[PDB]
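Trainee: In the first instance, please consider these chains from the complex; the rest will follow:
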Amino acid sequence: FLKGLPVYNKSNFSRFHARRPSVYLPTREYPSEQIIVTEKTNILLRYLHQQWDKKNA
């Protein structure tokens, strides 16, 4: 179990021995870059439609 553990910053935690964060309440808002929408169509219907479309071609 020897150790050569990673060091991302050689100085981090070097002065440990020589308070909850302030709450964030936003007043302004920017338009959402995108929207997430679930697919309501039944997967069985999608499967059968795909099969029929493949057959038609």
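Mentor: Arrived safely. Residues are numbered from 1 along each chain as shown, chains lettered A, B, ... in the order given.
Trainee: ok, the residue positioned nearest the centre of chain A - contacts?
Mentor: Centroid-nearest residue in chain A: residue A:36, 12.2 Å away (criterion: Cα atoms, centre = their mean). By Cβ atoms under 8 Å, 6 or more residues apart in numbering, no residues touch residue A:36. (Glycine included, C-beta is placed from N, CA and C.)
Trainee: What separation do you get for it and residue A:30?
Mentor: Distance from residue A:36 to residue A:30, counting by Cβ to Cβ, to the nearest Å: 17 Å.
Trainee: Over to residue A:49?
Mentor: From residue A:49 to residue A:30 the distance is 38 Å (Cβ to Cβ).
Trainee: Which one's more surrounded, the two?
Mentor: residue A:49 (11 against 6; other Cβ atoms under 10 Å).
Trainee: Now the more buried one: which helix or strand?
Mentor: Per DSSP states H and E: residue A:49 is located in helix A:43-56.
Trainee: Now do the buried residues in that helix.
Mentor: Buried residues in helix A:43-56, defined by neighbour count with 16 or more other Cβ atoms under 10 Å: none.
Trainee: Contacts made by that helix with the rest, please.
Mentor: Outside helix A:43-56, no residue touches it (Cβ under 8 Å, 6+ apart).
Trainee: ok now that helix, how far from the chain's centre?
Mentor: 31 Å (Cα atoms, centre = their mean, to the nearest Å).
Trainee: State the number of residues packed around residue A:39.
Mentor: Other residues close to residue A:39 by other Cβ under 10 Å number 7.
Trainee: Oh, that last question was meant for residue A:29, not what I typed.
Mentor: By other Cβ under 10 Å, neighbour count at residue A:29 equals 6.
Trainee: Repeat that for residue A:38.
Mentor: 4.
Trainee: List phi and psi for it.
Mentor: phi -80, psi 160 (degrees, to the nearest 10).
Trainee: now it: how far from residue A:50?
Mentor: Residue A:38 is 19 Å from residue A:50, by Cβ to Cβ.
Trainee: and if you look at residue A:20?
Mentor: 52 Å.
Trainee: Also residue A:27?
Mentor: 48 Å.
Trainee: ok, now residue A:56?
Mentor: Distance from residue A:56 to residue A:50, by Cβ to Cβ: 11 Å.
Trainee: what does residue A:21 give?
Mentor: Residue A:21 is 49 Å from residue A:50, by Cβ to Cβ.
Trainee: Put this one in as chain B:
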Amino acid sequence: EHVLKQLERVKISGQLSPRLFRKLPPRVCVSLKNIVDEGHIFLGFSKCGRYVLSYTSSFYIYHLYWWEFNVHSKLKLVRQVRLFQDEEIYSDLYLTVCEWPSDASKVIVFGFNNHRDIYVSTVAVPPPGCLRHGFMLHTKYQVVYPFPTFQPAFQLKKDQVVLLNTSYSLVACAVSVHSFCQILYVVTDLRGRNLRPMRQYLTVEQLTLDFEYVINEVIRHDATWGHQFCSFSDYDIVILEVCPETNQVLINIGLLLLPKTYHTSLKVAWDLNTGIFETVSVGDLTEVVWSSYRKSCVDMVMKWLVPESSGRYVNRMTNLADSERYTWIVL
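Mentor: Now chain B, sitting on the chains shown earlier:
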């Protein structure tokens, strides 16, 4: 692993669900000896677990009653209905009641007695405690000798629409009290309060589909063998899956179209919102039978079955145990 350990584990975990309690035996039982009517035939507990259904079937009258239930106290009836009005029944008959997945304002009872007839009537449930509007519709549809399949789960999967397959159509009657569902874009009588008023106010859509017309249109406008096999002899239609999210239904249709007789299958997706829309989704071939089609359809639906939450499901009772509340009544 005992029940006390489960409670201790819940107190800290914060996760308490009925599933984790399945292992333990029932919590409350009943002898059903003293707490019984007198010729009642109990049908089972309610979805809410607050009533117990039953009927008598004394021509036949076929009364049905509710039964408020208590662990130790005797059952107290709440309601009494006819459920078969103006119908002189000269057959034994078979009753099976089932409630809607989400809506809990009514239940649908079915009757099963060369051509057959079926009695289906909805009955409003007692008010929890408007409190005045309670109704019960009646209707009869006769089926052809090749009697159609019967499957409550998909028939009542819609929140307020029940799909009736009459062997010539797939009428889907929707009833609400209070704005459109059938074409939002079978004769039914009115009852309730021992009166038959003219139809807050109730509603009846009764949107129909023509099987013969749909099949004729599909074969005319599809199918590889459009140059042969004109017309058909008989067919059977079974519902594969109903999609309340977008109001669509899947139906599997088998035919026996013909000096060349062969059996063929088909499928169509009917969209409730836009009425009669036979959007074909499969075309089979005629080969040199009904039971085989039923077996194939049941296997196909089973293969694609997705489990549904215990919150929504079409409970079916016919003739007791309440799994959710771990209640049991022994006959």
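Trainee: Please re-evaluate the contacts of helix A:43-56 in the presence of chain B.
Mentor: The contact list for helix A:43-56, computed with Cβ atoms under 8 Å, 6 or more residues apart in numbering or on different chains, reads B:240-241, B:243, B:248, B:250, B:267, B:269, B:280-283, B:304, B:306.
Trainee: just those residues now: which is nearest residue A:9?
Mentor: Among the contacts of helix A:43-56, residue B:306 lies closest to residue A:9 (Cβ to Cβ), at 48.8 Å.
Trainee: Give me the contacts around stretch B:321-331.
Mentor: With contacts defined as Cβ under 8 Å, 6+ apart, stretch B:321-331 is touched by B:18, B:21, B:24-32, B:42, B:44-45, B:49, B:52, B:69, B:310, B:320.
Trainee: Residues of chain A that sit close to chain B?
Mentor: A:40-45, A:47-49, A:51-52, A:55 (Cβ under 8 Å from any Cβ of the partner chain).
Trainee: Pretty sure residue B:19 sits in a helix.
Mentor: Yes: assignment of residue B:19 by DSSP: H, G, I helix; E, B strand; the rest coil places it within a helix.
Trainee: quick one: what helix or strand has the residue nearest to residue B:78 when sequence neighbours are not counted in it?
Mentor: Nearest residue to residue B:78, sequence neighbours excluded (Cβ to Cβ, 6 or more residues apart in numbering or on different chains): residue B:66, at 4.2 Å. According to DSSP H and E, residue B:66 maps onto strand B:64-68.
Trainee: bridging residues for the nearest residue to residue B:70 once chain neighbours are set aside?
Mentor: Nearest residue to residue B:70, sequence neighbours excluded (Cβ to Cβ, 6+ apart): residue B:76, at 8.0 Å. Judged by DSSP bridges, the bridge partners of residue B:76 are residue B:68.
Trainee: Tell me how many other residues surround residue B:76.
Mentor: As a burial measure, residue B:76 scores 12 neighbours (other Cβ atoms under 10 Å in any protein chain shown).
Trainee: Check the gap between it and chain A for me.
Mentor: Here the criterion is Cβ to the nearest Cβ, to the nearest Å. By it, residue B:76 lies 43 Å from chain A.
Trainee: Report whether the expected contact of that residue with residue B:68 is present.
Mentor: Yes: the criterion here is Cβ atoms under 8 Å, and residue B:76 meets it with residue B:68 at 4.6 Å.
Trainee: re the thing from before, ok, now how distant is the residue nearest to residue B:78 from residue B:188?
Mentor: Following Cβ to Cβ, the distance that separates residue B:66 from residue B:188 is 23 Å.
Trainee: Residue B:310 now?
Mentor: Per Cβ to Cβ, residue B:310 is found 32 Å from residue B:188.
Trainee: Here is chain C, add it in:
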Amino acid sequence: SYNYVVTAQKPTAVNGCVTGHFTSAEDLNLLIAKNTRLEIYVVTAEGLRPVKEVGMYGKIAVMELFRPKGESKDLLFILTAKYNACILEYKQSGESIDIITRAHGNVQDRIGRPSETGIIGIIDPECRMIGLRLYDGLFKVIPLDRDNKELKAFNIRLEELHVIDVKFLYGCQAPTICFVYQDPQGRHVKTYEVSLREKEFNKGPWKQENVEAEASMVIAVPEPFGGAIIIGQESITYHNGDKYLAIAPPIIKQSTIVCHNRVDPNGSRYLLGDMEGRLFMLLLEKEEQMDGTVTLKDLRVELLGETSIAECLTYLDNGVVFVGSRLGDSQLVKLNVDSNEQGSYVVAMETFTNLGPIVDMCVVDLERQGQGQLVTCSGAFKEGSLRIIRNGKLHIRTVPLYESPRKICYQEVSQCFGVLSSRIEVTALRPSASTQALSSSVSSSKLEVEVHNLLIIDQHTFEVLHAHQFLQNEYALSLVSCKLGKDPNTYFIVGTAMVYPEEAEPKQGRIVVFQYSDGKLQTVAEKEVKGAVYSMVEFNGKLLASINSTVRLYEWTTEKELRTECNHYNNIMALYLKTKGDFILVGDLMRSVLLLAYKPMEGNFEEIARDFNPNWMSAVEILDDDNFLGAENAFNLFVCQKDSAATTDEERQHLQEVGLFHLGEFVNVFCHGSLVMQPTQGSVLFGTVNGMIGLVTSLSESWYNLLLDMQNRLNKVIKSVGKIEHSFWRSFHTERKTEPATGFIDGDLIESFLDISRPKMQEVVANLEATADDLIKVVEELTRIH
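Mentor: Time to bring in chain C:
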């Protein structure tokens, strides 16, 4: 009735655990979800430093950090318990903190059964898509293409129907998922190659292989090793292509592994946490293949040491690892290259106070002056402690017990806190407060294994004066201290039950009355009862002890023995008892709540009213003679009031729910009291499993209407991270149905007022005139209660 919910102490139990460069591309950050309290930290030379703490309108269930191509810093995908998936980014302009939502939208299906193991969320290593497991048989997949304006999530049927853990493998041309599901034969491992163009699964590589019976989690090793590691009780197996490695060391056998983390970026070292707070380092040994690649020759595990019971580990730079604890205080333990003389490679550095599961509590005023402080029972197994939560920010005195505390009830005559607790014995694993005491006694009744014992704690210094041990195989269920009948003294009544492996339900119990004389506790009398005494409460001087599915009233006779008076068998499981005056409130486990009454004229129980709705109650409190509050397993609060206005026998015996609220936490106990020095008429304290402590206060009709209007106006002027509507967040939600919250004013939202900008405050009351000073005054008055 109209009530007002406010949070006295925010939740302190860690639920989510992630690390990554979020605030900026050049600073390490540590994010902790807790319960609906997301906190952002940054690693610095002095140590972890707070940055911001956004309160999401939902229970954080999934947190993942991912950096799609062409992004300077990582994004944050968050899915609430109410299915509110939304990707967030942290953009700061100078000294202004801003957290925009990349994307947002509900992902609830409404036609699926929630999975037994809970919500699982993963993201492709290449960020090609986001995988969600929410229901049995369905695996929602969200494409991440940032070209169009819509993210069309689509479900793919899962034939397994019993999947437990799902992970995205590494170094595959196409996004594949490796998961462990369960079948009647046993558990198995299977792989699917997900396709977004075809929206269907594909036959994955290294076809399914059977796995151990207790396989519980899957870890996706990165390159150059690749493959997956399945961790199960007394079994660790690594599967990759033809190669298959397994190891079952003895050390792991003691306890199960519940959490994992990756130390080396190449996956050469992992940290595993056990239920007993053991820290294991998992090693992968590689060899130089003929071609010149890495093959993971062998596997091996080591015991680093012991830490607080972990729900998560997250390794930080310089060897220090943060231990996210749910049943105890979190830690910042650091690993040491050289072992300790005792044989521990891990030494703690800092401890974060965690109120943990608030199993039971009771306010006391031992300091006089009409000032009360909360005494609770935190911790689960070895973090069990009593937290003396006073009021200053709250100063908390943690008294470690090293054993699970069950109940607590303070007795004033002897000035001692009678407390139930249970340890685990094989004999004694570790020294516990029970093991060492000034005096100790063991039950002498003639009527691993857990030992239960009702031990008393001093009120001043909290040294355990005496530790009474119960009969073997006997469980301590409920505890009460009160005066009975005509006796001048006070007894310590404790309800206990007997457990045997043969039976799955209790069949024998005990009701023992204790008296703490001088420095010893003796048994004056005892009663044997068929069943388990779930709960007990003094009722008009009679012990209203509840047995399994029954309730009883006991009279303390002159012979100093308990004699039953009347019973009420119409119950499924009577687990909660709250009494006001001559009224009784029985909170059934699966039968919502019922109200009873005792008639002195007839001396018999007469059921009066009952709530017919189906609910799984966790605690019940009687706010007043009419309004009865209750909390259910779905993390919602509801108050039902007895209705006498309607002149109907059926209506009279009907309890209508006139209040609904989605608290968002599992409430364990209610107790009457307040923390402030002795508009709202009464206050009720409740403790949750997440350690949150809140107040519920009644409001007059006019004040409730005013506050409801103020909150509705405020919703417009306050933006929510993730774009989640407050009405939807607080709307009562459960599997059966979901309805908007009514009769409950979210005090947390109201308190936000008087903290928003002055123009915002004016816009809230722009046309109400009330100006702004009046609103500030009323908000400060409401705040002063807690």
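Trainee: ok chain C is in now, so what about the neighbour count of residue A:38?
Mentor: Neighbours around residue A:38, by other Cβ under 10 Å: 20.
Trainee: who does it bridge with?
Mentor: Where residue A:38 sits in a bridge, its partners, by DSSP bridges, are residue C:153.
Trainee: Next up, the contacts around it.
Mentor: C:105-109, C:140, C:153-155.
Trainee: repeat for residue C:389
Mentor: So, once contact is read as Cβ under 8 Å, 6+ apart, residue C:389 ends up touching C:9, C:355, C:373-376, C:396, C:675, C:693.
Trainee: Going by distance to residue B:57, which of the residues you listed wins?
Mentor: Using Cβ to Cβ, the contacts of residue C:389 come closest to residue B:57 at residue C:693, 59.1 Å.
Trainee: Go ahead and confirm that closest one touches residue C:673.
Mentor: No: applying Cβ under 8 Å as the test, residue C:693 and residue C:673 come out as separate, 11.3 Å apart.
Trainee: who touches both of the two?
Mentor: In contact with both residue C:693 and residue C:673: C:374, C:685, using Cβ under 8 Å, 6+ apart.
Trainee: ok, now how distant is the closest residue in space to residue C:419 that isn't next to it in sequence from residue C:347?
Mentor: Spatial nearest neighbour of residue C:419, excluding adjacent residues (Cβ to Cβ, 6+ apart): residue C:408 at 4.8 Å. According to Cβ to Cβ, residue C:408 and residue C:347 sit 33 Å apart.
Trainee: Which of these two has more residues huddled nearby?
Mentor: Ranked by neighbour count (other Cβ under 10 Å), residue C:408 and residue C:347 place residue C:408 first, with 22 against 11.
Trainee: Am I right that the more buried one falls within a strand?
Mentor: Yes: going by three-state DSSP, the assignment for residue C:408 places it inside a strand.
Trainee: List the contacts of it.
Mentor: Counted by Cβ under 8 Å, 6+ apart, residue C:408 has contacts C:360-362, C:375-377, C:386, C:417-420, C:479.
Trainee: List only buried entries from the residues you listed.
Mentor: C:360-362, C:375-377, C:386, C:417-420, C:479 (16 or more other Cβ atoms under 10 Å in any protein chain shown).
Trainee: Out of the residues you listed, which comes closest to chain B?
Mentor: Nearest to chain B among the buried ones among the contacts of residue C:408, counting by Cβ to the nearest Cβ, is residue C:360 at 8.9 Å.
Trainee: OK, contacts around the closest one?
Mentor: Residue C:360 makes contact with C:376-377, C:405-408, C:668-669, according to Cβ under 8 Å, 6+ apart.
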